[PDB]
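In what follows, a structure is listed as structure tokens, so that the remarks can point back to it.
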Amino acid sequence: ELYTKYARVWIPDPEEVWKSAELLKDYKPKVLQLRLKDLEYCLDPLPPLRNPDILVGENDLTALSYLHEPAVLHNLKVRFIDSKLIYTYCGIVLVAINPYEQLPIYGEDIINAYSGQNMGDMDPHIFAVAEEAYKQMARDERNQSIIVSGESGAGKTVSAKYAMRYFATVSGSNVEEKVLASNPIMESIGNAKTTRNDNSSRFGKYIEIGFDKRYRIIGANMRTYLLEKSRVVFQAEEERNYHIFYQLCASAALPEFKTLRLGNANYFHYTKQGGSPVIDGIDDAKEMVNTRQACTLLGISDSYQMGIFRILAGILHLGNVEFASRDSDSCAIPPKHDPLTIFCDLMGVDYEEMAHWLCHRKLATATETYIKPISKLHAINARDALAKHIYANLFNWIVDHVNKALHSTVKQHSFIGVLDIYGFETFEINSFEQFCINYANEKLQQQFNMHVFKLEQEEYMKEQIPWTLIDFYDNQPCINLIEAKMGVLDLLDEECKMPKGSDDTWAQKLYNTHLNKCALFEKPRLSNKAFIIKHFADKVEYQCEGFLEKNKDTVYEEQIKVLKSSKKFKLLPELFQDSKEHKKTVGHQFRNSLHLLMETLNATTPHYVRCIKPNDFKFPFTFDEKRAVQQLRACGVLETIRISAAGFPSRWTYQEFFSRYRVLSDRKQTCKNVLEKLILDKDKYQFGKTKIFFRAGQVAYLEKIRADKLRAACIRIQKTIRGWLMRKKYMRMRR
Amino acid sequence: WXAXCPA
Amino acid sequence: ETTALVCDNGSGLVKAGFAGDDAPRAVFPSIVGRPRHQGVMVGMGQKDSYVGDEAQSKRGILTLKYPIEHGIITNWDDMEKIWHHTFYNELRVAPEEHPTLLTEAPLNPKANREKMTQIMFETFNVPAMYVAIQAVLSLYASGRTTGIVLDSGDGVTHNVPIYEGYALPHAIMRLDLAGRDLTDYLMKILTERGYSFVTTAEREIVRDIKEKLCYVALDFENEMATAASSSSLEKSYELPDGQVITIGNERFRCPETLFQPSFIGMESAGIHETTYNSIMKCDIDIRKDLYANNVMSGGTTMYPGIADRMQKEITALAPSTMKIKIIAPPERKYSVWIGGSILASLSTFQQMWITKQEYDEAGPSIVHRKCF
Amino acid sequence: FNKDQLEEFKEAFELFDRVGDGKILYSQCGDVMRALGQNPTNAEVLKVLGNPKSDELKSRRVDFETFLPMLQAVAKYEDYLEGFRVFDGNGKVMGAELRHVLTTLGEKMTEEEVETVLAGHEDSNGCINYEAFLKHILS
Ligand SMILES: Nc1ncnc2c1ncn2[C@@H]1O[C@H](COP(=O)(O)OP(=O)(O)O)[C@@H](O)[C@H]1O
Ligand SMILES: Nc1ncnc2c1ncn2[C@@H]1O[C@H](COP(=O)(O)OP(=O)(O)O)[C@@H](O)[C@H]1O
Ligand SMILES: [Mg+2]
Ligand SMILES: [Mg+2]
């Protein structure tokens, strides 16, 4: 293993992760001498190595010969700042980096240019993924999913917007109008603001584009999954619930809403709770004017619109309604309490009937029926469960009235589907909502890894190379820890049953089962309250505080029946009409919704688009090396690259290989024999049939020894031409 | 039972 | 999945359902009917036994035996009928499909455990089983972790102080006073007004009288004097044949026997005294919690006013410094089964089961060692 | 080297003396070696010169007797062809590419030397027959 004098290396710095160094001395075996301002460096049982400019520009992280976090980060940096260029490929995956400026690169002549083209032939662009989907559906009639992933800034919406614009614009072509008109509604109900940034789609969002038997768009069908219900009831600091509630609050001054007696968002308990009543981005009334336009354009009548705002004004009013307690087992609503009366006036129900059923719960076996008083705490948790169940049904209704406007006249032959889902995530307080996000991501990375390993075994098959040591990391033992009996969710839901249960006692059970028995679960030494999961990306630490109040959902069927009775308007009784589901708890509902998601996904072959915030504080089109390493580890990019580097990462086509070098018939054996002269071990690279497959260093090893031999020829020509010519010149002067 | 009572 | 069977043996009733149900689907009396007479008509249905609500419907024609007296199973052949009828007829479920959970009173003769287990593994071939002390389950049902539980059924009365998950076995006290012996005393005292009930089937008429009419006096002697002074407490009830009977101050006198078991001739004091005396057996440190967490359980507690009477009498007997609180869930008759549902549905519980393999090796002795 | 060689080398050396002191400059040493049949690289020339600095290379003067051991030390086709085939297999070389590599890599030469040697050697496309040019420049 080799370093020459002046073989450049990447060396770590805390401030910005990687810095190059000029290696001023040949290394031989513990201190080393390097220049940037020159400092020695000290080793323990070694710096990685820096690709030459010939490689650095390249479109393709697999083609790099030194494969490591410095090389990847350096390419993405130069490709983002120095080259004003937007996209990259890694293995099977496209990687997308937010330029945050609006660019000529998206345009119809270029859509057409990319049409009828294959990913190798032309530059990385989002259109290439939509092409591979389209051409796969032409090749083999399976339905294509295209998956867009990463932190809430990364632009998964605007990427999907282009990926749909592509299909529509090629197809023959009114889908775009409706689909793009729909997003103000779906975001307004479904987007949220967090400490990190202020659009975050908490639900998981799926469009199907349906196709005719001859291939054109017939139309589109939307779905949703994984809706994060708990944000309605409960909010962390500096964080807000779904924007629409604030849109209502800013509207409340307007004469139509006036009946609803809506106040300020700080006034209502649900909007109050995050302490963030007002926001930079919008005066919320301005956003709803476009929500209302999008409704009217997408065929939700004003008659329904006012009903929806009536329901949401209800949900905001419900939070205000607060119990005296008589007795440990008992709760009472004071003899008049204003918001409950106003809520009943909104929805046409007897004050007495809610007042009774809110406090008490019914039980019956056929011989006899019984009515229990229940504690103030169960009265709260049931009220919050009702608020959640109402919201999530309003959501599952609006998604159907959108779809009624969205569906085709006719049966689809097949579809291609475009999916927007939040990426793997870490926050510096971590909560059941994040344990859900990370769990869903890990369960998708299981499919990602399976598709990687399968497409690699295909690529090894179609041109033959021995097929063992084709390898991937397996996340399944962590999933088993989460999902199995006496898993972290299973004890959580259990303790929701158990007679007096608390975060402390839950964690104590977690410790007693997992603590030194399950390799992926750990405790932070300084705390009983938290625990550490060894996720595929990183170790993460979750605070058990306030899991259970989020975890716990159950709805007293009486309370929903009271609503389902109401005459006053169509929508409220309509929603429910559709028990065991009332028994079921947000973790178990998330588990099931996530199974429905991965069934709808696994029926479909993937394509993957992975999206990183390049930047913080929204400075346009500049880049920060601190963020991108976190983002890319969170996307399984660095996993894939580490896995590739071990084996046979690089490919060379013999045709390009000989076009690159003549430095030493039939092309295949010519190139073989050249490589045998250049290279000393068959284990260290392989011959494919169109391709050649090199172990990671060997491409840079060849590039260096070629450049050295070429330099030796340069110096010999320069010397001999100077010998002949400058002598000729002074002799001509001699004349 | 078996002693102090009939069962 | 698989979801456990949960099944409760009283003396007077059987209650059964699947784990996680809110209330048992089957309730019926644990009563076995045999004919007393020649069958007149050939071609009639010639039945050799009736069980439960069948025996209720036909009781006039029949002998109504109880298999369980003082929580002890007295004759195992009819008990087998009770269980077989439960599983096949009430629940429509084969036991081989589901594990089962069975309920017992705390001091009953040890052999009752082996035999009750042996019938589940050999006769029904249940996959797995566990056995639970009623008072423990009442805490799961009420939703707390520190309690003195008083429960009284048709068969047995007992107390079990439980502190923060730990039962305290030396404290346990049991009286054989029960809904049945209030019923026999009700027959004896009804005789004095001239109404005379001899047969097994008549006892259930008496028991319906007791369930509808009776109540607990808050001052026994002042209400005795009032009812001797004034008719209004007298109340009246209709025999199955339509004769009215009218019943007076005596209708409370049966609930009073629980406080003053000297009427029947017991040694052991009324349940109020045994309750205090069982608290006294505990450490002082816990007692503040138990004086609040009095839990009443089992159908005998259902007499209106038993809570107010209990609280009043124990307050006078308590040290004045401590407040007394009493908790009486309105369904509490079910609460032993509701608790057995909660406990059977827990994930942590799953490893507790006696599994068929484990029994097969260990022998029915295993119940004593593992189960408690 | 024999007396005849020493005489030819001394005469040539004196032809390079532009000051009359019987000496050449260090910077002329390489030129004299090349004029006398040696083909040392600039690195080799500086090595036998002792890697002189610019100032002494341009102004320090040495007589023939001190120069001679260095010439001796320096004194004591297929690679050139492959080297030209680097810049090609039809026997040509772009004029732009040859100009760029000769003026920008290695021991860079001036554009005027390259123009002088290339005059008449490039065709209408601006291509140089490098095998013929190489034979010409090695003679
Ligand atoms: N490729 C892109 N071209 C133009 N703007 C982009 C691009 N990617 C991201 N953006 C900008 O960042 C945001 C992307 O959409 P947004 O919905 O906020 O992100 P996400 O979909 O990740 O929540 C918009 O403000 C948009 O201006
Ligand atoms: N509403 C009631 N009022 C008074 N006593 C009742 C009432 N309902 C049932 N009982 C009495 O409860 C006893 C049965 O209690 P139960 O808890 O069913 O016993 P087990 O379940 O142990 O067999 C019977 O004596 C019955 O008469
Ligand atoms: Mg978005
Ligand atoms: Mg009982």
Q: Go through region C:49-92 residue by residue and tally those that are touching a strand residue (DSSP E or B) at 6+ places or on another chain (Cβ under 7 Å) and hydrophobic (A, V, I, L, M, F, W, C).
A: 9
Q: Residue by residue through region A:206-222, note down the ones that are of a type in the set (D, E, K, R) and touching a helix residue (DSSP H, G or I) at 6+ places or on another chain (Cβ under 7 Å).
A: A:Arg216
Q.
If I ask for residues that are more than 22 Å from A:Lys454 (Cα to Cα) and surrounded by fewer than 20 Cβ atoms within 10 Å (Cβ to Cβ), which ones from region A:596-621 would you list?
A. A:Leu596, A:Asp616, A:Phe617, A:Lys618, A:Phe619, A:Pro620, A:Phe621
Q.
Among the residues in region C:178-193, are any within 14 Å of chain A (Cβ to nearest Cβ), touching a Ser or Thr at 6+ places or on another chain (Cβ under 9 Å) and away from ligand 2 (no atom under 15 Å from the Cβ)?
A. no
Q. Restricting attention to region C:142-168, which residues are among the small types (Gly, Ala, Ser) and within 15 Å of the chain's Cα centre (by Cα)?
A. C:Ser152, C:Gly153, C:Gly155
Q) What number goes with the only condition from (1) among the aliphatic types (A, V, I, L, M); (2) in a loop (DSSP other than H, G, I, E, B); (3) more than 14 Å from chain D (Cβ to nearest Cβ) that A:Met598 does not pass? A) (2)
Q) In this structure, does D:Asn90 turn out to be farther than 27 Å from D:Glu7 by Cβ and not in a strand (DSSP E or B)? A) yes
Q | In region C:59-78, residue surrounded by the fewest Cβ atoms within 10 Å (Cβ to Cβ) [restricted to those that are facing chain B (nearest Cβ under 9 Å) and part of a loop (DSSP other than H, G, I, E, B)] | A | C:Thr74
Q. Across region D:78-87, which residue is surrounded by the fewest Cβ atoms within 10 Å (Cβ to Cβ) among those that are more than 19 Å from D:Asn42 (Cβ to Cβ) and within 11 Å of chain A (Cβ to nearest Cβ)?
A. D:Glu82
(Q) When you scan region C:35-54, do you find a residue that is under 20 Å from C:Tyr334 (Cβ atoms) and outside the structural domain of C:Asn159 (by CATH), even just one? (A) yes
Q.
As an exercise: evaluate C:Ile209 against (1) away from every other protein chain (no Cβ under 12 Å); (2) buried (at least 21 other Cβ atoms within 10 Å of the Cβ); (3) not in a helix (DSSP H, G or I) and give the number of the one condition it does not meet.
A. (3)
Q | Conditions (1) assigned to a strand (DSSP E or B); (2) in contact with a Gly (Cβ under 9 Å, 6 or more places away or on another chain); number of the one not met by C:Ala16 | A | (2)
Q. Which condition number in (1) within 22 Å of C:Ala328 (Cβ to Cβ); (2) in contact with a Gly (Cβ under 9 Å, 6 or more places away or on another chain); (3) surrounded by fewer than 24 Cβ atoms within 10 Å (Cβ to Cβ) is the one that C:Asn112 fails?
A. (1)
**Q.** Residue check, C:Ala105 surrounded by 22 or more Cβ atoms within 10 Å (Cβ to Cβ), within 14 Å of chain B (Cβ to nearest Cβ), within 23 Å of C:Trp353 (Cα to Cα) and more than 16 Å from ligand 1 (Cβ to nearest atom)
**A.** yes
Q.
Residues that are under 28 Å from A:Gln631 (Cβ atoms), out of contact with any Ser or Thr (no Cβ under 8 Å at 6 or more places or on another chain) and within 16 Å of ligand 3 (Cβ to nearest atom): list the strands (runs of 3 or more DSSP E) wholly contained in region A:83-156 that include at least 1 such residues.
A. A:144-149
Q) Of these, D:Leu15, D:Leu57, D:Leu36, D:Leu105, which one is away from chain A (no Cβ under 12 Å) and either under 30 Å from A:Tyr661 (Cβ atoms) or under 19 Å from the mean Cα position of the chain (by Cα) (or both)? A) D:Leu57
Q. Being within 22 Å of C:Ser196 (Cβ to Cβ) and surrounded by 17 or more Cβ atoms within 10 Å (Cβ to Cβ), is that true of even one residue in region C:263-270?
A. no
Q.
Would you confirm, using the coordinates I've provided, whether D:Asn90 is more than 10 Å from every other protein chain (Cβ to nearest Cβ), among the polar types (S, T, N, Q) and surrounded by 17 or more Cβ atoms within 10 Å (Cβ to Cβ)?
A. no
(Q) Out of A:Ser565, A:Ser502, I need the residue that is away from chain C (no Cβ under 14 Å) and loosely packed, with under 15 Cβ neighbours inside 10 Å. Which one? (A) A:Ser565
Q | Matching entry among A:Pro339, A:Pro334, A:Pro373 (being of a type outside the set (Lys, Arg) and within 14 Å of chain C (Cβ to nearest Cβ)) | A | A:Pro373
(Q) Is it the case, given these coordinates, that A:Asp345 is within 14 Å of chain C (Cβ to nearest Cβ) and surrounded by 15 or more Cβ atoms within 10 Å (Cβ to Cβ)? (A) no
Q. So is A:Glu545 in a helix (DSSP H, G or I) and either touching a helix residue (DSSP H, G or I) at 6+ places or on another chain (Cβ under 6 Å) or surrounded by 17 or more Cβ atoms within 10 Å (Cβ to Cβ) (or both) or not?
A. no
Q.
Quick check on C:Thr3: is it touching a strand residue (DSSP E or B) at 6+ places or on another chain (Cβ under 9 Å), assigned to a loop (DSSP other than H, G, I, E, B) and among the polar types (S, T, N, Q)?
A. yes
Q. Does A:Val609 satisfy the condition of being among the β-branched types (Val, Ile, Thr) and in contact with a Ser or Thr (Cβ under 7 Å, 6 or more places away or on another chain)?
A. yes
Q | Only one of A:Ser276, A:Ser330 that is of a type in the set (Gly, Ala, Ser), within 33 Å of the chain's Cα centre (by Cα) and surrounded by 15 or more Cβ atoms within 10 Å (Cβ to Cβ) | A | A:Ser276
Q: Within region A:161-189, count every residue that is within 11 Å of ligand 3 (Cβ to nearest atom) and touching a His at 6+ places or on another chain (Cβ under 9 Å).
A: 1
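So that you can scan it fast, the table gives a plain yes or no per residue for (1) buried (at least 16 other Cβ atoms within 10 Å of the Cβ); (2) touching a helix residue (DSSP H, G or I) at 6+ places or on another chain (Cβ under 8 Å); (3) not in a helix (DSSP H, G or I):
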site: A:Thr670; (1), (2), (3): no, yes, no
site: A:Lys677; (1), (2), (3): no, no, no
site: A:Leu680; (1), (2), (3): no, no, yes
site: A:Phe693; (1), (2), (3): yes, no, yes
site: A:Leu702; (1), (2), (3): yes, yes, no
site: A:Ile705; (1), (2), (3): no, yes, no
site: A:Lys709; (1), (2), (3): yes, no, no
site: A:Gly723; (1), (2), (3): yes, yes, no
site: A:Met733; (1), (2), (3): no, no, no
(Q) Give me the residue from region C:1-37 that is crowded, with 23+ Cβ neighbours inside 10 Å and within 12 Å of another protein chain (Cβ to nearest Cβ) and, out of that set, farthest from ligand 4 (Cβ to nearest atom). (A) C:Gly17
**Q.** Index of the failed condition, C:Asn89 passing every other in (1) more than 24 Å from C:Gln351 (Cα to Cα); (2) of a type in the set (S, T, N, Q); (3) within 16 Å of ligand 2 (Cβ to nearest atom); (4) more than 14 Å from chain B (Cβ to nearest Cβ)
**A.** (3)
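Basis: the model, the stated rules and, where named, an outside source; these are not laboratory values. All Cβ positions, even for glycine, are placed from backbone atoms using ideal geometry, and neighbour counts span all protein chains on display.
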